[PDB]
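Single-structure report; data block below.
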Amino acid sequence: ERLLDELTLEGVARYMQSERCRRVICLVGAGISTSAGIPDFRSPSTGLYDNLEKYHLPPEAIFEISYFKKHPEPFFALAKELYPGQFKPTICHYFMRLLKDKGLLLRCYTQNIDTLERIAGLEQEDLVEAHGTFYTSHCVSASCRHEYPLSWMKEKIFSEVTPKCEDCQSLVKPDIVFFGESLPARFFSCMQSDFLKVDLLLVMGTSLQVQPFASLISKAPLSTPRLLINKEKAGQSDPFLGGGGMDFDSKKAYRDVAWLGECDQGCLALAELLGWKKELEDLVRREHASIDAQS
Amino acid sequence: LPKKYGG
Ligand SMILES: *C(=O)CC(C)(C)SCCCCCCCCCCCC
Ligand SMILES: [Zn+2]
């Protein structure tokens, strides 16, 4: 006997509204922000890195910290080119805000750097930004580390002035984790505590191909149901590489459910099952109108 | 602490 009465979205919703389900961890990737216009920065099939010759570069050096600290100009020129015209979180982001409102959100682990989780109303304590964030920036000198807000960094990016610390004139870097940098200590300390406590893993908009983030699904207790909302099935064991892997379809499947489609539409469907459609619609329309009215 | 690598 398993926790889901059937391996479907309808089964998951019944489980969430049972007393057995109290603490939900969300694992989210670039798929939850493409609807807001944010490209997948890890995908070479998004045309982001087609115009890098102008930067007279050696490709991956654009995001390697060693290269950045010596030649920061290419990164900041790219950042200007790609800076979003607007920061409007998606239906998926506000669904997690509703999970928070209803006392169900234990933690959201995000691969994204775009700050939309914070704009949607998740708080720092709710979030593990596994790859950092553009939300804040810091001087890179170890004896300084002066912090700067996005408004300050934005103004440097758009005026094409390489950002420098006002106290010490070292370079100032967005708090994203470049290649070559340590991953955040908070990612590991939170994982060791949260996965002792999780009742449901909600995995949305990630293909689960980037480590160590993808290994989080194997940290769940064996009984914990795992729902994937994503355009493509993901997280199954690799027939070549072979283990915590997802099992949606075998005769041994017992807890993993795949809902295949756009993340906004899957979150809409789950909310409707939960009785939350009107609440979710009202929240999105209100926050979107507010952002659109920013003067 | 582990460093960030491709993939
Ligand atoms: C690790 O996987 C994280 C990455 C190094 C891939 S994040 C790369 C981010 C590149 C940003 C370019 C400029 C975009 C500016 C957007 C600012 C608000 C999000
Ligand atoms: Zn400084």
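Within each chain, counting starts at residue 1; across the structure tokens, chains are named A, B, ... in the order shown, with ligands numbered 1 upward in that order.
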Just want the residues within 6 Å of ligand 2, written as a PyMOL selection string, counting only C-alpha atoms and all ligand atoms. chain A and resi 139+141+144-146+165+167-170
Residues of the last selection are to be written out with N, CA, C and O atoms, as a PDB file, in the first residue's frame.
ATOM      1  N   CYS A 139      31.074  43.153  -4.222  1.00  0.00           N
ATOM      2  CA  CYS A 139      32.491  43.354  -4.481  1.00  0.00           C
ATOM      3  C   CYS A 139      33.252  42.035  -4.301  1.00  0.00           C
ATOM      4  O   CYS A 139      32.946  41.239  -3.406  1.00  0.00           O
ATOM      5  N   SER A 141      36.533  41.561  -3.638  1.00  0.00           N
ATOM      6  CA  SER A 141      37.690  41.589  -2.738  1.00  0.00           C
ATOM      7  C   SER A 141      37.347  40.949  -1.400  1.00  0.00           C
ATOM      8  O   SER A 141      36.388  41.354  -0.735  1.00  0.00           O
ATOM      9  N   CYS A 144      36.552  43.003   1.658  1.00  0.00           N
ATOM     10  CA  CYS A 144      35.522  44.029   1.490  1.00  0.00           C
ATOM     11  C   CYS A 144      34.138  43.421   1.362  1.00  0.00           C
ATOM     12  O   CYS A 144      33.330  43.491   2.294  1.00  0.00           O
ATOM     13  N   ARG A 145      33.830  42.860   0.193  1.00  0.00           N
ATOM     14  CA  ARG A 145      32.563  42.179  -0.022  1.00  0.00           C
ATOM     15  C   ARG A 145      31.370  43.113   0.195  1.00  0.00           C
ATOM     16  O   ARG A 145      30.319  42.688   0.648  1.00  0.00           O
ATOM     17  N   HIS A 146      31.524  44.393  -0.118  1.00  0.00           N
ATOM     18  CA  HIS A 146      30.395  45.316  -0.113  1.00  0.00           C
ATOM     19  C   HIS A 146      29.287  44.803  -1.034  1.00  0.00           C
ATOM     20  O   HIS A 146      29.552  44.392  -2.168  1.00  0.00           O
ATOM     21  N   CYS A 165      33.494  48.496  -7.132  1.00  0.00           N
ATOM     22  CA  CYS A 165      33.175  48.815  -5.748  1.00  0.00           C
ATOM     23  C   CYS A 165      33.490  50.276  -5.437  1.00  0.00           C
ATOM     24  O   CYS A 165      34.576  50.771  -5.743  1.00  0.00           O
ATOM     25  N   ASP A 167      33.907  51.457  -2.406  1.00  0.00           N
ATOM     26  CA  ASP A 167      34.851  51.537  -1.297  1.00  0.00           C
ATOM     27  C   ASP A 167      36.268  51.193  -1.723  1.00  0.00           C
ATOM     28  O   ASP A 167      37.223  51.806  -1.242  1.00  0.00           O
ATOM     29  N   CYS A 168      36.433  50.190  -2.581  1.00  0.00           N
ATOM     30  CA  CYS A 168      37.767  49.699  -2.876  1.00  0.00           C
ATOM     31  C   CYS A 168      38.101  49.604  -4.364  1.00  0.00           C
ATOM     32  O   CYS A 168      39.262  49.343  -4.693  1.00  0.00           O
ATOM     33  N   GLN A 169      37.143  49.858  -5.264  1.00  0.00           N
ATOM     34  CA  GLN A 169      37.329  49.831  -6.719  1.00  0.00           C
ATOM     35  C   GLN A 169      37.663  48.446  -7.275  1.00  0.00           C
ATOM     36  O   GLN A 169      38.118  48.339  -8.418  1.00  0.00           O
ATOM     37  N   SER A 170      37.434  47.371  -6.518  1.00  0.00           N
ATOM     38  CA  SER A 170      37.471  46.064  -7.141  1.00  0.00           C
ATOM     39  C   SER A 170      36.206  45.842  -7.979  1.00  0.00           C
ATOM     40  O   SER A 170      35.230  46.592  -7.915  1.00  0.00           O
TER      41      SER A 170
END
Neighbouring residues of residue A:261 were defined as those with any atom within 9 Å, considering only C-alpha atoms; residues of the same chain fewer than 2 positions away were excluded. Please report them as a list in words. residues 229, 230, 231, 232, 259, 263, 264, 265 and 266 of chain A
Those residues with N, CA, C and O atoms, as a short mmCIF file (atom, residue, chain, number, x, y, z; two decimals), in the first residue's frame please?
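Written file, out_39.cif:
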data_model
loop_
_atom_site.label_atom_id
_atom_site.label_comp_id
_atom_site.auth_asym_id
_atom_site.auth_seq_id
_atom_site.Cartn_x
_atom_site.Cartn_y
_atom_site.Cartn_z
N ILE A 229 5.87 18.06 -13.40
CA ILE A 229 5.13 18.88 -14.35
C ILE A 229 6.17 19.47 -15.28
O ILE A 229 6.98 20.30 -14.86
N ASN A 230 6.16 19.06 -16.54
CA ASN A 230 7.26 19.41 -17.42
C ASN A 230 6.85 19.07 -18.84
O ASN A 230 5.98 18.22 -19.05
N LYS A 231 7.47 19.74 -19.82
CA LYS A 231 7.10 19.49 -21.20
C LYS A 231 7.48 18.08 -21.64
O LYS A 231 6.81 17.50 -22.50
N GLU A 232 8.56 17.52 -21.07
CA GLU A 232 9.05 16.20 -21.43
C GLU A 232 9.32 15.36 -20.17
O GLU A 232 9.71 15.88 -19.13
N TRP A 259 3.05 14.70 -15.50
CA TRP A 259 2.05 15.49 -16.19
C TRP A 259 2.80 16.26 -17.27
O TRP A 259 3.64 17.11 -16.94
N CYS A 263 4.22 24.18 -17.98
CA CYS A 263 4.17 24.21 -16.52
C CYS A 263 3.01 25.06 -16.01
O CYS A 263 2.36 24.70 -15.02
N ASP A 264 2.78 26.23 -16.63
CA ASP A 264 1.64 27.05 -16.22
C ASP A 264 0.35 26.24 -16.29
O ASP A 264 -0.49 26.32 -15.39
N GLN A 265 0.18 25.46 -17.37
CA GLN A 265 -1.07 24.74 -17.56
C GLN A 265 -1.20 23.58 -16.59
O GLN A 265 -2.30 23.29 -16.12
N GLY A 266 -0.08 22.92 -16.26
CA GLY A 266 -0.14 21.87 -15.25
C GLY A 266 -0.46 22.43 -13.87
O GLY A 266 -1.27 21.85 -13.13
#
Would you mind writing down, as an NGL selection string, each residue of stretch 89-234 of chain A that DSSP on the backbone assigns to alpha helix (DSSP H)? :A and (91-101 or 116-119 or 150-159 or 185-194)
All residues having an atom within 9 Å of ligand 1 (only C-alpha atoms and all ligand atoms) as a PyMOL selection string: (chain A and resi 38+40-43+62-64+75-84+87+111-116+130-135+150+154+174+176-179+210) or (chain B and resi 4-7)
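Taking atom CA of residue A:209 and atom CA of residue A:186 as the two end points, the separation is 20.9 Å.
Distance check against chain B using only C-alpha atoms: of A:260, A:96, A:280, A:214, the minimum falls on A:214.
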Report as JSON lines the residues of chain A within 6 Å of chain B, each with its shortest atom pair and distance in Å (one decimal), using only C-alpha atoms, ordered by chain and increasing residue number.
{"residue": "A:179", "atom": "CA", "partner": "B:4", "partner_atom": "CA", "distance": 5.1}
{"residue": "A:180", "atom": "CA", "partner": "B:4", "partner_atom": "CA", "distance": 5.4}
{"residue": "A:181", "atom": "CA", "partner": "B:3", "partner_atom": "CA", "distance": 5.1}
{"residue": "A:182", "atom": "CA", "partner": "B:3", "partner_atom": "CA", "distance": 3.9}
{"residue": "A:183", "atom": "CA", "partner": "B:3", "partner_atom": "CA", "distance": 5.6}
{"residue": "A:210", "atom": "CA", "partner": "B:7", "partner_atom": "CA", "distance": 4.4}
{"residue": "A:211", "atom": "CA", "partner": "B:7", "partner_atom": "CA", "distance": 5.6}
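For the choices A:3, A:50, A:282, A:288, the atom-to-atom distance to residue A:21 is smallest for A:3 when using only C-alpha atoms.
Closest approach to residue A:253 among A:233, A:23, A:156, A:226 is made by A:226 (distances from only C-alpha atoms).
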Please indicate the distance in Å from atom CA of residue A:255 to atom CA of residue A:126, rounded to one decimal place. 25.1 Å
With DSSP run on the backbone, what are the strand (DSSP E) residues within stretch 46-133 of chain A? I'd like them as JSON, numbers by chain. {"A": [105, 106, 107, 108, 109, 110, 127, 128, 129, 132, 133]}
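Within the 7 Å cut-off around residue A:4, using only C-alpha atoms and omitting residues fewer than 5 positions from it on the same chain, the listed residues are residues 11, 12, 15 and 255 of chain A.
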Residues at most 12 Å from residue A:219, counting only C-alpha atoms, excluding those fewer than 2 positions away in the same chain, as a ChimeraX atom specification? /A:25,188,190-198,201,212-217,221-224,226,243-245
